[PDB]
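Here the sequence shown stands for residues 40 to 193, 203 to 785, where the numbers follow the authors' numbering. The structure appears right after this line, and notes come after that.
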Amino acid sequence: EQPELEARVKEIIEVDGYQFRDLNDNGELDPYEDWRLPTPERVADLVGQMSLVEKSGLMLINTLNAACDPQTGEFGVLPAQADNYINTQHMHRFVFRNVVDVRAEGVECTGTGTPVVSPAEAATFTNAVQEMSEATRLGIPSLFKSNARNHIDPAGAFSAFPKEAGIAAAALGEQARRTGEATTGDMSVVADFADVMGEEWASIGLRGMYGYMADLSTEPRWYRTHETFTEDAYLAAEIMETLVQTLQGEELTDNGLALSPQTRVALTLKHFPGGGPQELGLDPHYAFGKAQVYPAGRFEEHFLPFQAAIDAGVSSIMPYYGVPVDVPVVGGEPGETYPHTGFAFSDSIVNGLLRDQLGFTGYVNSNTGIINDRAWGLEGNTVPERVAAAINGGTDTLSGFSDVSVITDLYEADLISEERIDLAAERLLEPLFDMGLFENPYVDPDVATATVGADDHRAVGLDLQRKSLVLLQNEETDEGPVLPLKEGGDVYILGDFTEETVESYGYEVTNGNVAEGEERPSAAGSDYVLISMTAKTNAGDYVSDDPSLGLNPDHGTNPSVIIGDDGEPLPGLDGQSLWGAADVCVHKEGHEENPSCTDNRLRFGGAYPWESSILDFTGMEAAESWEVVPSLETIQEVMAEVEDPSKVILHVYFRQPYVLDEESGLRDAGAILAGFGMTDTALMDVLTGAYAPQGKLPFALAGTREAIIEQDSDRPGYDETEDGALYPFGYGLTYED
Ligand SMILES: O=C(O)[C@H]1O[C@@H](Oc2ccc([N+](=O)[O-])cc2)[C@H](O)[C@@H](O)[C@@H]1O
Ligand SMILES: [Zn+2]
Ligand SMILES: [Zn+2]
Ligand SMILES: [Zn+2]
Ligand SMILES: [Zn+2]
Ligand SMILES: [Zn+2]
Ligand SMILES: [Zn+2]
Ligand SMILES: [Zn+2]
Ligand SMILES: [Zn+2]
Ligand SMILES: [Zn+2]
Ligand SMILES: [Zn+2]
Ligand SMILES: [Zn+2]
Ligand SMILES: [Zn+2]
Numbered sequence: 040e041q042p043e044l045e046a047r048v049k050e051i052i053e054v055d056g057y058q059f060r061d062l063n064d065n066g067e068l069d070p071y072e073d074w075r076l077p078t079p080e081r082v083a084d085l086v087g088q089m090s091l092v093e094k095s096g097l098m099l100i101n102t103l104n105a106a107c108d109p110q111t112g113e114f115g116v117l118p119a120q121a122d123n124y125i126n127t128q129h130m131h132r133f134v135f136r137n138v139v140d141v142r143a144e145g146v147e148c149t150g151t152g153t154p155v156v157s158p159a160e161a162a163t164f165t166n167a168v169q170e171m172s173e174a175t176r177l178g179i180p181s182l183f184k185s186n187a188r189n190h191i192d193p203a204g205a206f207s208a209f210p211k212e213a214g215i216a217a218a219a220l221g222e223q224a225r226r227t228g229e230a231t232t233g234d235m236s237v238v239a240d241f242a243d244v245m246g247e248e249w250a251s252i253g254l255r256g257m258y259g260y261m262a263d264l265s266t267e268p269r270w271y272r273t274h275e276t277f278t279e280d281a282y283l284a285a286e287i288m289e290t291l292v293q294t295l296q297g298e299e300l301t302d303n304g305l306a307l308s309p310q311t312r313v314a315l316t317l318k319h320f321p322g323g324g325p326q327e328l329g330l331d332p333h334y335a336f337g338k339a340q341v342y343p344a345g346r347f348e349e350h351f352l353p354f355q356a357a358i359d360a361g362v363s364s365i366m367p368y369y370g371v372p373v374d375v376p377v378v379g380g381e382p383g384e385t386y387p388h389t390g391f392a393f394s395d396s397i398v399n400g401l402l403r404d405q406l407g408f409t410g411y412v413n414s415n416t417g418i419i420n421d422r423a424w425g426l427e428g429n430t431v432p433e434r435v436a437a438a439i440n441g442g443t444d445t446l447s448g449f450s451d452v453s454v455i456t457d458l459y460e461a462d463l464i465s466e467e468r469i470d471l472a473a474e475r476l477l478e479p480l481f482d483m484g485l486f487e488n489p490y491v492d493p494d495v496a497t498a499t500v501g502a503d504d505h506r507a508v509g510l511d512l513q514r515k516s517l518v519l520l521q522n523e524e525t526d527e528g529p530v531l532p533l534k535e536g537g538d539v540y541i542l543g544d545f546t547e548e549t550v551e552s553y554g555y556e557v558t559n560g561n562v563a564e565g566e567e568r569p570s571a572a573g574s575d576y577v578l579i580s581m582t583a584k585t586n587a588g589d590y591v592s593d594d595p596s597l598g599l600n601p602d603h604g605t606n607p608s609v610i611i612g613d614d615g616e617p618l619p620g621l622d623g624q625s626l627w628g629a630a631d632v633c634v635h636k637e638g639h640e641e642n643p644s645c646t647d648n649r650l651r652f653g654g655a656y657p658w659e660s661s662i663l664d665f666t667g668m669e670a671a672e673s674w675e676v677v678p679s680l681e682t683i684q685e686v687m688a689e690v691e692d693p694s695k696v697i698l699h700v701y702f703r704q705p706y707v708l709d710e711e712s713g714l715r716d717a718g719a720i721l722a723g724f725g726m727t728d729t730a731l732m733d734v735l736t737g738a739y740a741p742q743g744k745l746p747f748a749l750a751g752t753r754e755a756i757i758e759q760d761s762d763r764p765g766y767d768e769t770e771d772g773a774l775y776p777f778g779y780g781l782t783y784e785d
């Protein structure tokens, strides 16, 4: 019966033989402080007692990073904005964005450089924030959310696993290993990762996640494929179900939400109803990228993962910024289509589809920066108009919005009903009660130290690293198959490889990695060439209103067409405009003056929009916004210096479904592997034969740029193209002895 309580500001009070927290400091026990009652009564009693300002502060979630004290050397102190956020704007939801790791030696507190904090320091911080949260009138606790933290970047003190697609690769391979085919995967893998993730996240007081992504990799040109698990909706649905089950728990509430005091991380799945199918793979962070198009009519397939997660009881949902072009309303009259606005602002999507068609009973967390920079379809509207559109659309809380007064102003102008704010407040409080945060919101900082990156947890990560590796090609020489490596030999390395780790497996290693001026050693006479390569975008120079870039007619036009519901095409998106024209800094359609460029610098990722279909390595070499690392020119020199290319072994990281074009020569390598982020002991363990490769492609790889241009952004695979797939979904070799 009696749950554990902790209180740093308020007092505890003995009642009816049990203990309770006196969170309103009134000396008697309110129903909302009475953990014996079911959540609906505590919420109802709590909302009853809340100011108009208290209820609307819940509808904000913003960054609240740990700071350091430059005079004391202490890390994990509140920043300056904490006071204004918790006391003035009455916020209880934050995004924690610091890296968690051991700081190198000599690293002292600077100022305002979002510091790296240790596990104990991070928990110190979130405890401090809860202490200030408890200091409010009603002592409502806070929830922190964060983007993912347990994936290698080709980190911190969080246990390192491969990237999302790498986890699916491991799950497909483990199914194949034990059954024979790779369809929906073996979720024992997924559960193991999520279990390590849960304990580590909860141990530092981080109980929410902006994620995981339920999006599908159906458009290889979408830069966000790097955070996608698969292109297969049905595999996606099983991973989502498993993530929710492991991270949130399997006890649902009467309301159908997987929420309990043992819920370690409540998920806010994203990006509803599916960020994947982007026209030309252009991303709707950017004005040119507003469109989501569905040539194969797969809109329903893309939200299957969300239905799986909703049915398992996901806590929260983030709609995307995209605009669903010409998409039949689900469960609606023939001919009816969803509004040509960003999902976050379309009531038919956040209330129609999500809640009435799909049955979701939780809250809706907007994506970040919609009201000011990305209210697609509301380019003309004002900010209060945009806020009201989202809230009345069904969004309950706004990420990156920090002026509570605007919400209150809209209520006092009857632009938002009080029932609606009450309805938000209800949905936002429900998880906090169920997750036990009204009983104890604190954590032990010593225990984060023993938890984040514990040896056993990193063991699970290394296990998944080795099972994520996909072996795509393995020439059979006259001396046998290229992989596994024979013992000993001269090995040439190119690309990010730690020489000592390769060397410790018994090879004498030449390093082809040199500074830009220095003379690269030749590769001739090597027994093995280990190349580790990838492709990266370098588009920081993009500017929407530069006649050399965004408004350069020599860069083509934006074939994307979104006809607004005012009967008009949206600016820059009529089908014959310059790439930079969709940006507000060109069309100016805002109620503002001399507006700034949203798209400048392409800070979030992605190539120049006119280069987004260049996924073949030879093109990427020659492109302006693409860089092959290491240079394809260096690789080709190296693959020649060894006169048999069967001695070459390519570890490729497929950040996006890159295309090994036949002209590049990379298919001449003796073995090709797809890695999804792994340490070099993991990679060398597999290469030298200590473990055999078992992962399977969680997405298909094409062998022609042409197939990239023809494929259907909403459709998996390349089976509908003239050239087809180089490697299908679910492919992967092993060794056989
Ligand atoms: O963290 C946030 O507040 C949210 O930011 C939003 O925009 C970004 C997208 C990509 C990157 N990036 O790749 O750098 C940075 C920001 C995302 O749509 C959302 O998924 C995320 O949860
Ligand atoms: Zn009583
Ligand atoms: Zn009380
Ligand atoms: Zn409050
Ligand atoms: Zn199922
Ligand atoms: Zn787009
Ligand atoms: Zn009134
Ligand atoms: Zn443990
Ligand atoms: Zn030696
Ligand atoms: Zn020209
Ligand atoms: Zn150019
Ligand atoms: Zn496709
Ligand atoms: Zn052809």
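Just so you know, even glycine gets a beta-carbon here, dropped at the ideal spot from N, CA and C.
Contact check for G718 against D692 passes: the beta carbons are separated by less than 9 Å. By the neighbour-count definition (other C-beta atoms within 10 Å, threshold 16), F59 is a buried residue. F351 sits buried, since 16 or more C-beta atoms from the chains shown fall within 10 Å of its C-beta. C-alpha of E298 to C-alpha of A306: approximately 6 Å in a straight line.
A distance of 9 Å or more separates the beta carbons of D664 and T525. Across the structure, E279 and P489 are spaced so that their CA atoms are roughly 38 Å apart.
A direct Cα-to-Cα measurement between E381 and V371 gives close to 20 Å. Here the distance from the Cβ of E547 to the nearest heavy atom of ligand 9 is not below 8 Å.
Secondary structure at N166: helix, using DSSP grouped into helix, strand and coil. A distance below 8 Å between beta-carbons, with the five flanking residues on each side excluded, links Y282 to the following residues of its chain, in chain order: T231, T232, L352.
Every residue whose Cβ sits closer than 6 Å to any heavy atom of ligand 12 is listed here in chain order: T266, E267, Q759, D760, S761, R763. For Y282, no beta strand (DSSP E) encloses it; the enclosing alpha helix (DSSP H) starts and ends at 281-296. Burial is judged here by how many other beta carbons sit within 10 angstroms of a residue's own beta carbon; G152 has fewer than 16 and is exposed. The DSSP-derived three-state label of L480 is helix.
When secondary structure is reduced to three states using DSSP, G723 falls in the strand class.
Contact between the stretch 308-328 and the stretch 354-367 is established, with three or more Cβ pairs separated by less than 8 Å. Distances between the C-beta of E754 and the heavy atoms of ligand 13 include at least one below 8 Å. In the three-state scheme derived from DSSP, where H, G and I count as helix and E and B as strand, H388 is classed as coil. For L774, the enclosing beta strand (DSSP E) starts and ends at 773-775. Close CB contacts of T227 within its chain, under the 7 Å cut and outside five residues either way in sequence, are absent. In this structure, the C-beta of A748 stays at least 8 Å away from each heavy atom of ligand 8. Between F449 and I419 a beta carbon distance of about 6 Å is seen, short of the 8 Å cut, so the two are scored as contacting.
By the neighbour-count definition (other C-beta atoms within 10 Å, threshold 16), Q704 is a buried residue. The beta-carbon separation of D243 and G322, rounded to 27 Å, does not stay under the 8 Å limit for a contact. Partner residues in the beta bridge of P529, as assigned by DSSP, are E524. Distance from the CA atom of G383 to the CA atom of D374, rounded to whole angstroms, is 10 Å.
Within the stretch 403-453, the runs of beta strand (DSSP E) that reach at least 3 residues and sit entirely inside it are, in chain order, 411-416, 445-447. For the options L402, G145, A219, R136, the alpha carbon positioned closest to that of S185 is the one of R136.
Distance from the CA of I252 to the CA of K49, rounded to the nearest whole angstrom, comes to 22 Å. The beta carbon of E711 lies closer than 7 Å to those of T666 in the same chain, with the five residues before and after it left out. Our two residues, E349 and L471, have alpha carbons roughly 30 Å apart in a direct line. With a threshold of 8 Å, the Cβ atom of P595 does not count as near ligand 10, since no heavy atom of the ligand is closer than that. Minimum Cα-Cα distance from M732 among the listed residues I697, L749, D760, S95 corresponds to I697. Closer than 8 Å to some heavy atom of ligand 13: that describes the Cβ of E770.
In the DSSP assignment, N606 forms a beta bridge with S625.
Under the 8 Å Cβ criterion, the stretch 575-584 counts as touching the stretch 678-692, having at least three qualifying pairs.
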